[PDB]
Structure formats: structure tokens, C-alpha cells
Amino acid sequence: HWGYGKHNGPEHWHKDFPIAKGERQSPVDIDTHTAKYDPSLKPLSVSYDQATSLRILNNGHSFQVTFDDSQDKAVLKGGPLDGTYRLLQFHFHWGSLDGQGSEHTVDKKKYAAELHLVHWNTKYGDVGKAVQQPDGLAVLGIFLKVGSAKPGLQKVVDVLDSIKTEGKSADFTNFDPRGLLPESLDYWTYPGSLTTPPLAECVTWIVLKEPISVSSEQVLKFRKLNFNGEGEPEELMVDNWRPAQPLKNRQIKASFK
Ligand SMILES: NS(=O)(=O)c1nnc(NC(=O)[C@]23C[C@H]4C[C@H](C[C@H](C4)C2)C3)s1
Ligand SMILES: [Zn+2]
């Protein structure tokens, strides 16, 4: 089964998921001098006031926080998007050292980690149907750099000890994801894919220009998680990022000059 190691990592995924070599794969390097400002792009609308978080879970490739998506409660609209996209979950990708960990890069620069808030287009009724559509999902990507602590991340960090190994979950209600956002909603956008299997080409990517800062103590707690299940040889969950893929016939648009 797939992972991030030498024998099951990103260079192997195409054998089970041939779309790994497809025409709109993610992540990509964002070349800031080639991205074009698009004045027709509307402001992003992030409406998280009624978000209802449910659980936090170690799924063997990251940890994720899941939300109630049975109603319009936490939604993303505007920007490049048509219609309403409901927040399903967020998760992170991170590195073994501070100089790597992000999936998207900016002028080849790698950040220490990357937060992905995963949303799906309500016109398709459920997320499984949405993943089969070219406009089915919208992922809001936020870079993390190491510096001052991010207070809105601390409640997450606090609970990671309880989900150390694959399969573990914990109650994670009343979490406000607005605490994970930077000040600015300036963004780049391009059509892409899921960055883990099945690698489906169903995502409108919205990558925020402004990173959030997290403390060294916060990211160190990410690095104490395990890929393995309890009772198996301990393999630290680090470097769970897919590298940049070919841009091919795609243009990255910027919301800002
Ligand atoms: N790293 S990223 O944000 O591009 C993501 N890469 N893969 C992701 N997968 C999902 O989000 C799913 C949401 C539900 C349906 C598909 C089957 C399970 C269930 C998970 C997809 S997000
Ligand atoms: Zn992701």
C-alpha cells in the first residue's frame, strides 16, 4: 500500500494510480513571475462562523480534523469558484526539518508545512460524487513557516499525543478553523488534483500567498506522530508531502498585483 517511503512513495504511486502522470496533477511550483494577475477574480469568501468540527484522526498518512458537511455550515465561495463548497476536513503535510514539508512551492521555496482545508461542491450532493467531477473539490492551501506560535493551532497540537498511531481518533468538537487563517486572503489559483491517492483531477486549488507562523514546539509535536499502527516498528510521520509535479498546459492566476 502507498506511502512516503523509498519503496512505496510518490515515485511509485503511478503503478496503482496511473493518473499520477496526468495533465492536471498537484502540487506544483508557483513561479511568481509567470503567474498572471487576473482582475476578474472575485474576493474569496471564507464563511466558517457555523463550522461544526467532529473528530481528529491519524489516518496513517497525516492527521485530519473532520467537520459536519450535511448542511451549509462552513463554506467557501467566491474567488475562482462557482457555487458553494462545504468544508469536510483539514489536514497537514510537514517535513523532518524546517526547510521542507510543503507540497506547493513558491519560486522553488519549500515551507516547513502546508495546511489543506478540503471542500466539496454541493451541486454534486456528496463528496464521493464530487471527486468524480473536474470542479468537484476546492482545497484552500496555507503555508506554515516556523516563528512565533499560532494560538489557533494550539488546541490541535494539544491533542496529538492521543492519536499517535494510525487508526486512532479523538473527539474534537467546538474547534474554530478561523484561527488557522492568515490576515490576507490574497491567493494563487489553478486547476489540479488530490495530492494523495486516488490523485483525482477534481480540485480547484486556492493557495494563500501569506503563510502562517507556527512555533518550533508546535511543529515538533507534528513530528512525533507515527505512520505505523500501535505495536509495529515505529516510523515517525515526517516528510508526508508529494513534490511538485509538471505544470503542463496550465496557467496559475493571482488574485493580487
Ligand atoms: N492533499 S489534498 O488536500 O489534495 C487531498 N488529497 N486526497 C484527499 N482525499 C479526500 O479529501 C477524500 C474526501 C473524501 C473522498 C475521497 C475518498 C476519502 C474521502 C478522502 C477523498 S484530500
Ligand atoms: Zn493535503
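Worth a mention:
- The helix-based estimate of mean residue ellipticity at 222 nm for the chain, built from -39,500 (n - 2.57) per DSSP H run of four or more residues and divided by its residue count, is -1500 deg cm²/dmol to the nearest 500.
- Separation of alpha-carbon centers, the range 190-256 and the range 23-60, rounded to whole Å: 11 Å
- Residues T105, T195, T52 in ascending order of nearby Cβ atoms (within 10 Å, fewest first): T52, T105, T195.
- Annotation: Cα Rg of the chain relative to the compact-globule expectation 2.2 N^0.38 Å equals 0.95.
- Each label was represented as a point 7 Å from its Cα along the Cα-to-Cβ direction; for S216 and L97 these points are 1.5 nm apart.
- Net charge of neighbours whose Cβ lies under 15 Å from the Cβ of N121, counting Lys and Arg as +1 and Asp and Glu as -1: -2
- Placing a pseudo-label 7 Å from each Cα along the Cα-to-Cβ vector at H33 and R55 gives an inter-label distance of 4.9 nm.
- Set of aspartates and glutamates with alpha-carbon distance to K109 below 12 Å, sequence-local pairs under 8 removed: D29, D31, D98
- Here the 3J(HN,Hα) profile of the range 70-78, calculated from phi with Karplus coefficients 6.51, -1.76 and 1.60 at θ = phi - 60°, is 7, 7, 6, 10, 10, 9, 10, 9, x Hz, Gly and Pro shown as x.
- Note, ³J(HN,Hα) from phi for the range 208-223, Karplus 6.51, -1.76, 1.60, rounded to Hz, x at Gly and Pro: 6, 5, 8, x, 9, 9, 10, 7, 4, 5, 5, 6, 4, 5, 4, 6
- Ranked list, fewest to most other Cβ atoms within 10 Å of each Cβ, for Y48, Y85: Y48, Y85
- When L97, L81 are arranged by Cβ crowding within 10 Å, least crowded first, meaning fewest neighbours, the order is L97, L81.
Readers should treat all values here as calculations from the given coordinates under stated rules, not as data from a laboratory. Here the Cβ is made from the backbone with ideal geometry for all residues, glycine too, and neighbour counts use every protein chain on show.
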